[PDB]
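Chemist: Sequence and experimental coordinates follow.
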Amino acid sequence: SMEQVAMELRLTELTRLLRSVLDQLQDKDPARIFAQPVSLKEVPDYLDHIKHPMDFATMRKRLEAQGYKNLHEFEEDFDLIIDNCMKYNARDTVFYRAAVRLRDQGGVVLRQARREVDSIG
């Protein structure tokens, strides 16, 4: 149907916007602490601590399969990245501080992206 196509054009446009949002967010991680999943080789206990791991690469795979239906879904994943790190790592570590900074800087990008997704529909 033409209705199905139109919905698909809307998913495609959201995916275009979310990709630019992802690059902006990722630029707030110059150190690349959040670029890839935490290694179960190097942190064998990770899954006993963190039930839902997330990283930017895994967000990118999902994005390119157009697996984010809305911005809420994309934000949930971004927040897991931050939130997982602030749980597993202690306050005085470089990892915890890098999540605090990504959260703060990312919150600005997302404040406007929420207006763009509403605005453009």
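Modeler: Structure received. Numbers count the residues shown, from 1 in each chain.
Chemist: Phi and psi next, for residue 40.
Modeler: phi -70, psi -20 (degrees, to the nearest 10).
Chemist: And for residue 120?
Modeler: phi -70, psi -20.
Chemist: and it, what is it in contact with?
Modeler: Going by Cβ atoms under 8 Å, 6 or more residues apart in numbering, residue 120 touches 13, 17. Every C-beta, even on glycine, is put in place using the N, C-alpha and C of the backbone.
Chemist: gap between it and residue 14?
Modeler: 9 Å (Cβ to Cβ, to the nearest Å).
Chemist: Please apply the same query to residue 97.
Modeler: 32 Å.
Chemist: Compare neighbour counts for these two and give me the winner.
Modeler: Taking other Cβ atoms under 10 Å, residue 97 and residue 14 do not tie; residue 14 has more neighbours (21 against 15).
Chemist: from memory that one sits against residue 68, does it?
Modeler: Yes - the pair residue 14 / residue 68 is scored as a contact, 7.0 Å apart, by Cβ atoms under 8 Å.
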